[PDB]
Amino acid sequence: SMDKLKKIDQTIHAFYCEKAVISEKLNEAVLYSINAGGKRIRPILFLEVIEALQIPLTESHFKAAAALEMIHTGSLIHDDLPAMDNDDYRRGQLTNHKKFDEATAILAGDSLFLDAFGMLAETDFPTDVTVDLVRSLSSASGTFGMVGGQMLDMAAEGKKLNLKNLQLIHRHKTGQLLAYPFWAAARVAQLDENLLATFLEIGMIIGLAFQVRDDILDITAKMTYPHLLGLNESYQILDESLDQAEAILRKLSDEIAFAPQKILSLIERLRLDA
Amino acid sequence: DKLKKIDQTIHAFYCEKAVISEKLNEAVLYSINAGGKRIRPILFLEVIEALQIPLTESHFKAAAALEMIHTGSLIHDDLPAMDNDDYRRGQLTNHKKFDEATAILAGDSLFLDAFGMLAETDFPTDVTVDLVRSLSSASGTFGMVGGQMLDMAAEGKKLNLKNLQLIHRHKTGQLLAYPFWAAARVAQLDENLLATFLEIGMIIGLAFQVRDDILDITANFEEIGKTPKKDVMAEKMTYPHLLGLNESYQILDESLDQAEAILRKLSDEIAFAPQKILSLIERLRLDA
Ligand SMILES: C=C(C)CCOP(=O)(O)OP(=O)(O)O
Ligand SMILES: C=C(C)CCOP(=O)(O)OP(=O)(O)O
Ligand SMILES: C=C(C)CCOP(=O)(O)OP(=O)(O)O
Ligand SMILES: [Mg+2]
Ligand SMILES: [Mg+2]
Ligand SMILES: [Mg+2]
Ligand SMILES: [Mg+2]
Ligand SMILES: [Mg+2]
């Protein structure tokens with residue numbers, strides 16, 4: 001009903017504006033990175049799986065979605081730093097450290113990480129649900145998730161590596177937090193164990209597809225699919241990953257009260273053509 | 001020994017899961033193992049014990065989470081764009097031992113991992129959610145990171161006592177208040193008791209930064225494990241810079257006195273044995 005993008009941004013603004021401000025500059029810097037566009041694929045997938053499962057959307061679903069986006073946004077800020085990829089622009093816009101300075105951007109990223117779990121604990125979900133969501137969000141973001149993947153992507157700089165090493169980087173650097181929204185929606189829906197596993201499986205496939213798509217675009221728009229396998233095979237892997245994800249979603253819809261059309265449409269907009 | 005077990009708990013979190021990056025685990029564990037007084041996690045645990053609750057592995061995990069955020073804050077605080085120290089805890093800072101990128105990510109890990117650690121306890125789930133909300137509140141934009149920004153923005157500025165307190169209560173106060181509040185929450189105490197423990201923690205937390213400011217300009221490298229007098233070169237707003245050393249020593253001493261008096265008063269209102277906590281506060285006292 002209400003535009004999900006607008007509501008997600010309003011949820012985020014409300015978190016920063018509802019409490020007595022301590023540092024105006026910190027709030028400003030954090031919101032700069034939030035308001036600097038973003039397709040919001042991660043929170044949108046969470047919300048769309050919730051609706052697909054016939055659950056009416058509430059304030060709390062938007063907060064859980066927002067928590068996820070805050071972690072994603074924080075990782076981008078740090079990834080751009082001079083000590084990291086040292087980029088002056090993300091999406092044709094000044095990166096945080098260039099808009100402000102290096103110390104501000106390090107702290108803005110730290111805030112988004114730490115704040116996200118506060119956003120997530122503000123929901124009205126049953127408390128056992130919230131605890132699992134926190135555990136899994138940490139697992140997907142930290143030393144055994146996104147941060148680990150970031151370290152391996154650095155550790156990788158040194159070498160040609162095989163498929164196994166490329167998949168290891170992607171799985172953790174990006175795969176985990178693209179899969180989280182699928183698993184998390186299913187957990188909020190209180191689905192049984194094997195359904196949770198299926199939803200996580202979809203998410204990992206979509207995470208893979210998203211990273212292969214990235215690699216293909218970044219050379220039509222080092223340690224990548226096109227470099228490792230060539231373009232032809234990269235296109236093939238993207239296409240069969242999306243097919244595979246779509247087939248599992250359709251099979252669920254033939255088995256439980258699940259209406260994934262909007263998800264299937266979102267996935268269809270990721271496709272690339274020769 | 002609590003020190004030993006806190007470290008054991010952090011080690012197990014990192015070693016008992018399948019490693020993704022050996023260099024990340026190495027960088028994180030480097031800063032942990034370089035040292036630290038563990039005042040925060042120890043305070044949490046001593047409150048629990050003072051309230052007559054036998055310690056369990058779950059209390060140590062909650063304590064560890066708190067130390068993990070603390071350690072993350074130090075790694076970032078030491079960075080060249082922040083306070084730029086080559087030394088922390090007697091050893092090379094993370095960014096000098098490895099590199100700046102590694103230090104950034106190691107700090108990030110610690111922050112994100114800490115909530116995972118906290119979520120692994122066997123506490124009732126409403127308790128855990130309360131601790132998560134309050135730990136985030138103490139640590140983030142409205143706590144420690146908020147105070148870190150104020151501290152950087154105040155360099156070279158002539159600020160008043162109110163502004164200085166704001167910096168200190170947020171960058172340092174929040175995460176020393178948290179362990180008192182948190183232990184009382186775990187203990188399931190009533191509202192006015194939670195507030196009393198929070199107040200003891202805010203008193204101790206502000207005093208701790210007064211103490212740190214003092215040490216910065218009076219202690220030697222071997223004593224503080226970090227490069228002396230950075231506050232002077234950087235023109236930080238500090239208690240000695242605003243009020244002078246003499247009044248700063250006075251404030252520290254009387255703040256510690258107040259915290260102890262409230263703790264002693266609690267012991268004739270509920271079942272509470274504060275001796276180890278009082279002992280710990282006594283080790284914080286400074287002489288001019
Ligand atoms: C976890 C994150 C932030 C992914 C960063 O990966 P890259 O560094 O390869 O991606 P872009 O900067 O091109 O987004
Ligand atoms: C002053 C602050 C808040 C940072 C250092 O805290 P500690 O003095 O507790 O440092 P470690 O013992 O943990 O090294
Ligand atoms: C969150 C932190 C680090 C508060 C203490 O600030 P300082 O910068 O004075 O701490 P030290 O580096 O002197 O330990
Ligand atoms: Mg990168
Ligand atoms: Mg990058
Ligand atoms: Mg500092
Ligand atoms: Mg410092
Ligand atoms: Mg200091």
Side-chain angles (χ1 to χ4, degrees), chain A residues 16 19-23 25-27 29-30 71 74-75 78 81-84 101-122 126-132 134-139 141-152 154-155 168 172, chain B residues 14 17-25 27-28 69 72-73 76 79-82 95 99-120 124-126 128-130 132-133 135-137 139-150 152-153 166 170:
Chain A
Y16 288 100
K19 328 192 210 309
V21 65
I22 301 300
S23 172
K25 290 291 183 293
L26 183 50
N27 285 35
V30 172
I71 293 184
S75 75
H78 283 187
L81 293 167
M84 295 275 288
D101 57 35
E102 206 174 331
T104 297
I106 294 153
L107 294 180
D110 291 359
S111 268
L112 283 157
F113 294 147
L114 294 158
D115 294 346
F117 291 86
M119 170 75 81
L120 182 60
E122 282 178 18
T127 61
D128 68 325
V129 171
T130 296
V131 165
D132 284 3
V134 165
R135 171 93 119 282
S136 296
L137 188 54
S138 177
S139 181
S141 302
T143 295
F144 308 89
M146 179 270 292
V147 178
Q150 283 294 71
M151 204 60 216
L152 289 169
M154 244 200 56
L168 198 59
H172 298 103
Chain B
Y14 284 104
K17 302 169 171 61
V19 67
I20 298 309
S21 163
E22 209 74 78
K23 277 156 286 204
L24 188 54
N25 288 40
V28 170
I69 289 162
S73 68
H76 285 190
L79 292 168
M82 294 287 287
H95 65 276
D99 55 47
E100 285 181 47
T102 293
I104 290 163
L105 294 175
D108 293 351
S109 262
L110 278 157
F111 294 149
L112 295 159
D113 290 344
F115 293 94
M117 169 73 85
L118 189 50
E120 295 178 2
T125 62
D126 61 332
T128 294
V129 168
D130 248 88
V132 168
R133 203 262 293 135
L135 188 56
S136 169
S137 167
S139 296
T141 300
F142 304 102
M144 179 275 287
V145 179
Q148 287 293 73
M149 269 291 336
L150 292 180
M152 293 300 298
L166 195 68
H170 292 87

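Below, read A as the first sequence line, B as the second, and so on, with proteins coming before strands; counting in each chain starts at 1. We use all heavy atoms of the structure for the numbers below, so side chains are in, but hydrogens, waters and symmetry mates are not.
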| task | Against chain A, work out which of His95(B), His170(B), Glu22(B), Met144(B) has the most heavy-atom pairs shorter than 4.5 Å and name it. | result | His170(B)

| query | Within the distance-only criterion (no hydrogens, no angle test), does the side chain of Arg135(A) pair as donor or acceptor with the backbone N or O of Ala119(B) below 3.5 angstrom? | reply | yes

| field | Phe115(B) side chain near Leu120(A) side chain, heavy-atom distance below 4.5 Å | value | no

| When only pairs under 4.5 Å are counted, which of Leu105(B), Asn25(B), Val132(B), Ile104(B) shares the most heavy-atom pairs with chain A? | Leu105(B)

| field | Closest-packed option against chain A by number of heavy-atom pairs under 4.5 Å, given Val28(B), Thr102(B), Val19(B) | value | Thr102(B)

| Within-4.5 Å side-chain heavy-atom neighbours: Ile22(A) and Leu150(B) | yes

| request: For the pair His76(B) and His78(A), name the ring-plane relationship: parallel under 30°, tilted 30 to 60°, perpendicular over 60°. | output: perpendicular

| message | Taking every non-hydrogen pair under 4.5 Å, which of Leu110(B), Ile69(B), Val129(B) racks up the most with chain A? | response | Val129(B)

| task | List in chain and number order the residues that pass side chain to side chain contact (heavy atoms under 4.5 Å, CB included) with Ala101(B), two or more places apart in sequence or in another chain; answer none if no residue qualifies. | result | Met84(A), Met154(A), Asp99(B)

| Any idea which heavy atoms bring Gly148(A) and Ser21(B) closest together, and the distance? | O-CB, 3.9 Å

| Among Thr130(A), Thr127(A), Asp128(A), which residue meets the side-chain hydrogen bond (donor to acceptor under 3.5 Å, both in side chains) test with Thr125(B)? | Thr127(A)

| query | At what distance, to the nearest 0.5 angstrom, does CG of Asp108(B) lie from CG of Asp110(A)? | reply | 6.0 Å

| field | Reported OG-to-CE distance for the pair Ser109(B) and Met151(A), which is rounded to 0.5 angstrom | value | 9.5 Å

| message | Among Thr141(B), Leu79(B), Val145(B), which residue has the highest count of heavy-atom pairs closer than 4.5 Å to chain A? | response | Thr141(B)

| request: Measure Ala153(B) against the heavy atoms of chain A and call it side chain, backbone, both or neither at under 4.5 Å. | output: neither

| message | Tell me if the aromatic rings of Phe113(A) and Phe111(B) count as close, with their centers under 6.0 Å from one another. | response | no

| note | Bottom line for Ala29(A): the part with an atom under 4.5 Å from chain B's heavy atoms is neither

| Do any N or O atoms from the side chain of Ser136(B) and from the backbone of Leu114(A) form a donor-acceptor pair under 3.5 angstrom? | yes

| At a heavy-atom separation under 4.5 Å, does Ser137(B) approach chain A through its side chain, its backbone, both, or neither? | neither

